[PDB]
Amino acid sequence: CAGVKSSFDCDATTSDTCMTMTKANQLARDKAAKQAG
Amino acid sequence: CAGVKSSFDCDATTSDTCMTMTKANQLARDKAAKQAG
Amino acid sequence: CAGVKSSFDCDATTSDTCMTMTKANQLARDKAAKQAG
Amino acid sequence: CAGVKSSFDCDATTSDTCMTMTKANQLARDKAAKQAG
Amino acid sequence: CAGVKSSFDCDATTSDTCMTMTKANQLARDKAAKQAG
Amino acid sequence: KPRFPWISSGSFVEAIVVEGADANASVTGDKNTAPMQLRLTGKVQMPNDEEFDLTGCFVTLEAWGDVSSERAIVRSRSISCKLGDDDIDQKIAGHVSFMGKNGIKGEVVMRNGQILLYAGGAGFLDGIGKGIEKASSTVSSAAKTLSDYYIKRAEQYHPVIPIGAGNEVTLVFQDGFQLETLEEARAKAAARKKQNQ
Amino acid sequence: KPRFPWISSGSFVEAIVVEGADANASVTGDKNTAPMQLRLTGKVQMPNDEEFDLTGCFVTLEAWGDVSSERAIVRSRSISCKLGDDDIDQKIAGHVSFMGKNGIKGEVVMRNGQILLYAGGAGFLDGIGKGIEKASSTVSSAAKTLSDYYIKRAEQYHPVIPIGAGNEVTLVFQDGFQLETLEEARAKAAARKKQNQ
Amino acid sequence: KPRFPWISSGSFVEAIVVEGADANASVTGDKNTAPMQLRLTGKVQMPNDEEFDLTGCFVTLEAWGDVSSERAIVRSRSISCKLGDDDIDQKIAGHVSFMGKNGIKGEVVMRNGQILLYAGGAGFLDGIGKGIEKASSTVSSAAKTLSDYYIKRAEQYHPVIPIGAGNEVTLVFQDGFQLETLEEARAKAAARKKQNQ
């Protein structure tokens with residue numbers, strides 16, 4: 001075992017959802033207009 | 001065994017369907033016109 | 001064990017609350033005006 | 001044994017049919033005219 | 001044994017028929033005229 | 001005055017990763033790296049509550065891995081954007097922070113499972129063989145050879161950090177610079193080449 | 001103004017692989033590589049929602065393997081396209097992303113099966129022989145020689161990544177450039193050679 | 001304009017192998033190679049759906065082996081064709097793809113069978129002799145010498161890839177070039193040698 005603690009606190013990570021980068025550009029396109037509004 | 005996880009999440013790969021590259025050019029030819037439309 | 005004492009006295013540390021740095025700029029923005037007043 | 005899979009998927013190979021290269025030129029000659037047509 | 005196959009497929013080889021090279025020139029002489037015809 | 005305001009150091013902007021790369025999280029990560037690219041989706045935040053609008057612009061990156069923090073350290077390569085009729089393409093320096101922390105959080109994946117299992121089985125055969133090889137009066141070779149081969153073959157693998165898809169990240173310009181058009185750049189280059197002494 | 005718009009860094013376009021290659025996924029992959037070629041089937045996406053039309057153009061590639069991520073890292077060699085009566089042939093830099101991630105996903109294939117089985121059997125004969133060679137008062141040589149030979153012979157093999165057929169991939173131009181015709185190129189080269197001081 | 005259209009990189013054409021060669025699929029394959037030759041039987045496919053007619057032309061190749069993928073990697077040496085009254089003979093660079101994949105698929109053949117069997121039998125005699133050489137109070141030499149000799153003699157052999165007969169393959173011009181006649185070539189060479197300054 002590790003003497004000091006072996007866990008983090010954020011416990012949040014990225015999710016690779018096997019999503020095609022072509023749709024990634026489209027996904028960022030509409031969100032940018034929506035978040036700006 | 002590996003201490004950290006040994007599996008991916010995409011679980012999608014390419015399929016080598018023993019398809020002749022001559023037909024590959026033909027396959028890309030008609031799709032390009034169709035996807036464009 | 002360690003011959004000399006192995007503990008500190010401050011016993012206070014930072015808390016990584018998985019908080020997005022975008023809100024961090026906003027958090028510092030309003031506090032600066034409030035603390036100044 | 002091999003840890004990863006040890007087989008391919010194409011499963012198609014060349015057939016050395018002990019055919020004289022003199023006839024090979026003749027074989028390519030008539031096919032070229034026929035495939036062109 | 002050999003792990004991969006140890007046999008060929010042509011199974012045809014040359015036959016050294018202890019034939020005098022003087023007759024070899026004669027053998028090629030008449031065949032050339034005959035095959036040409 | 002110029003149409004492009006000066007970009008100061010420490011300015012940050014949030015973005016969406018377009019395509020991801022697998023980070024070579026080894027001891028030599030910083031040399032054999034894998035590029036990745038992301039698109040802008042917000043407004044750059046200048047330090048004193050100021051904003052300039054760059055959106056839809058592309059950034060080319062070049063990143064490696066860090067297994068200890070299981071975060072993929074990035075390094076910005078170039079800025080690309082095409083506003084109206086004019087074109088932007090410059091070399092910049094910066095990094096990417098995810099969830100308020102440096103790098104992009106991710107997990108580690110290794111492919112040693114089956115190979116290590118085979119090596120352990122071979123060495124277990126060695127152990128049982130040597131145990132039987134003991135009881136005497138007053139298999140080991142296959143195990144040693146295949147175990148050595150399996151160790152040498154499994155040593156090739158290294159940790160890999162899978163990062164990409166469409167996660168949310170934030171980009172920071174570590175060093176300040178000035179946005180300037182490609183036509184402007186070529187005009188300057190010619191002016192400098194003129195040696196107008 | 002030119003008929004070919006400037007290509008900025010990070011511009012991407014999807015395509016179909018025409019013919020595939022087997023990646024030499026070894027420790028020396030990046031040197032002894034195998035070329036592959038793919039055809040365009042879409043419209044290049046410029047950064048700010050802009051498009052130019054290149055279709056049916058060919059790209060020559062030069063790729064190796066990476067066993068840890070079992071993805072075949074590519075490196076674009078040249079761009080080729082023949083629009084109307086004019087010809088395009090240039091050297092470019094870029095990579096290929098499959099399923100939103102760098103490289104092309106694939107599996108690993110090895111041919112060590114029968115050879116490793118024979119080596120293990122020989123060493124097992126060594127083990128049983130040495131076990132019988134123990135019981136005494138108060139085969140091994142064939143096994144050692146054939147096992148050494150089999151190990152030396154099986155060491156030749158290396159992982160291979162089978163990629164090709166007609167899978168769907170996406171190409172990214174890592175560095176910006178300017179499209180220019182072969183006649184235009186030769187006209188420029190002559191102008192430079194003129195030394196018009 | 002010239003009668004020979006410019007050949008762009010990545011152009012491919014299918015063909016029939018005339019005579020085949022046995023690839024030296026060893027660690028030093030790329031140096032001690034075996035030439036092979038094939039004839040054209042189709043129309044070259046230019047990138048943007050364009051075609052030019054070269055048929056019956058010969059291509060000289062120079063190929064080695066790759067045991068891991070059991071495919072014979074080729075390397076085009078020269079292009080030869082005799083249209084009408086004019087002659088074509090040029091140096092080109094390219095490769096050959098079979099069944100949509102790089103190289104030509106084939107199997108591996110080895111001749112170690114009888115020799116390895118004899119070596120194993122000799123070492124088995126060593127093992128039984130040493131087993132009998134153990135039982136004592138409170139043959140091996142022939143085996144060791146002949147086994148060493150047989151190992152040294154069998155080490156000479158290397159994998160061989162039998163490829164040839166009249167299989168169907170496809171040729172790809174990896175680098176673009178310009179077709180030009182032998183008379184045209186000699187006219188140019190003389191013009192360059194003139195030093196027309």
# chains A, B, ... in the order shown; residues from 1 in each chain; ligands from 1

call {"tool": "interface_residues", "arguments": {"of": "chain C", "to": "chain A", "cutoff": "8 Å", "atoms": "only C-alpha atoms", "output": "number ranges by chain"}}
result
C: 16-18

call {"tool": "select_by_dssp", "arguments": {"residues": "chain B", "states": "helix (DSSP H, G or I)", "output": "number ranges by chain"}}
result
B: 21-36

call {"tool": "residues_around", "arguments": {"residues": "residue 124 (chain H)", "least_positions_apart": "5", "cutoff": "7 Å", "atoms": "only C-alpha atoms", "output": "MDAnalysis selection string"}}
result
chainID G and resid 139 141:142

call {"tool": "residues_around", "arguments": {"residues": "residue 2 (chain E)", "least_positions_apart": "3", "cutoff": "7 Å", "atoms": "only C-alpha atoms", "output": "short mmCIF file (atom, residue, chain, number, x, y, z; two decimals) with N, CA, C and O atoms, in the first residue's frame"}}
result
data_model
loop_
_atom_site.label_atom_id
_atom_site.label_comp_id
_atom_site.auth_asym_id
_atom_site.auth_seq_id
_atom_site.Cartn_x
_atom_site.Cartn_y
_atom_site.Cartn_z
N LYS E 5 4.33 -24.55 -42.61
CA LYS E 5 4.37 -25.67 -43.54
C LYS E 5 5.76 -25.81 -44.16
O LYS E 5 6.44 -24.81 -44.42
N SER E 6 6.17 -27.05 -44.38
CA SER E 6 7.51 -27.35 -44.87
C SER E 6 7.55 -27.84 -46.30
O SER E 6 8.60 -28.30 -46.76
N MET H 110 9.50 -23.56 -44.83
CA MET H 110 10.78 -23.81 -44.20
C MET H 110 11.21 -25.25 -44.49
O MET H 110 10.36 -26.12 -44.69
N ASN H 112 13.48 -27.04 -42.46
CA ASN H 112 14.19 -27.52 -41.27
C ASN H 112 13.69 -28.87 -40.78
O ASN H 112 14.30 -29.44 -39.86
N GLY H 113 12.62 -29.40 -41.36
CA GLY H 113 11.96 -30.58 -40.83
C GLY H 113 12.86 -31.76 -40.52
O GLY H 113 13.01 -32.13 -39.35
#

call {"tool": "residues_around", "arguments": {"residues": "region 121-123 of chain F", "least_positions_apart": "5", "cutoff": "9 Å", "atoms": "only C-alpha atoms", "output": "compact mmCIF listing (two decimals) with N, CA and C atoms, in the first residue's frame"}}
result
# COMPACT_ATOMS: atom_id res chain seq x y z
N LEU F 116 0.85 -11.03 -19.06
CA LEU F 116 1.29 -11.25 -17.69
C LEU F 116 0.70 -12.53 -17.12
N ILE F 128 6.26 -25.43 -9.58
CA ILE F 128 5.83 -26.80 -9.29
C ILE F 128 6.87 -27.80 -9.77
N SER F 140 10.88 -26.97 -15.76
CA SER F 140 11.54 -25.71 -15.45
C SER F 140 12.10 -24.99 -16.66
N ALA F 142 11.22 -24.98 -20.07
CA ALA F 142 10.17 -24.29 -20.82
C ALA F 142 9.71 -23.06 -20.06
N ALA F 143 9.54 -23.20 -18.75
CA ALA F 143 9.06 -22.09 -17.96
C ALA F 143 10.04 -20.92 -18.00
N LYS F 144 11.33 -21.17 -17.80
CA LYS F 144 12.29 -20.08 -17.80
C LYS F 144 12.38 -19.40 -19.16
N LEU F 146 10.16 -19.38 -21.82
CA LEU F 146 8.94 -18.66 -22.17
C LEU F 146 8.68 -17.48 -21.24
N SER F 147 9.06 -17.59 -19.97
CA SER F 147 8.90 -16.46 -19.06
C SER F 147 9.80 -15.31 -19.46

call {"tool": "interface_residues", "arguments": {"of": "chain F", "to": "chain B", "cutoff": "10 Å", "atoms": "only C-alpha atoms", "output": "list in words"}}
result
residues 107, 108, 109, 110, 111, 112, 113, 114, 115, 116, 117, 118, 120, 159, 162 and 165 of chain F

call {"tool": "atom_distance", "arguments": {"atom1": "CA of residue 150 (chain F)", "atom2": "CA of residue 65 (chain H)"}}
result
25.5 Å

call {"tool": "decode", "arguments": {"residues": "region 20-31 of chain C", "atoms": "C-alpha atoms", "output": "PDB file, in the first residue's frame"}}
result
ATOM      1  CA  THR C  20     -14.323  25.261 -12.629  1.00  0.00           C
ATOM      2  CA  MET C  21     -11.696  27.963 -13.128  1.00  0.00           C
ATOM      3  CA  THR C  22     -14.229  29.953 -15.151  1.00  0.00           C
ATOM      4  CA  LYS C  23     -16.270  30.416 -11.970  1.00  0.00           C
ATOM      5  CA  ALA C  24     -13.013  31.064 -10.102  1.00  0.00           C
ATOM      6  CA  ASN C  25     -12.569  34.326 -12.010  1.00  0.00           C
ATOM      7  CA  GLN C  26     -16.192  35.210 -11.241  1.00  0.00           C
ATOM      8  CA  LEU C  27     -15.715  34.250  -7.586  1.00  0.00           C
ATOM      9  CA  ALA C  28     -12.717  36.570  -7.246  1.00  0.00           C
ATOM     10  CA  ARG C  29     -14.520  39.353  -9.127  1.00  0.00           C
ATOM     11  CA  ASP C  30     -17.381  39.915  -6.683  1.00  0.00           C
ATOM     12  CA  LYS C  31     -15.322  39.272  -3.539  1.00  0.00           C
TER      13      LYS C  31
END
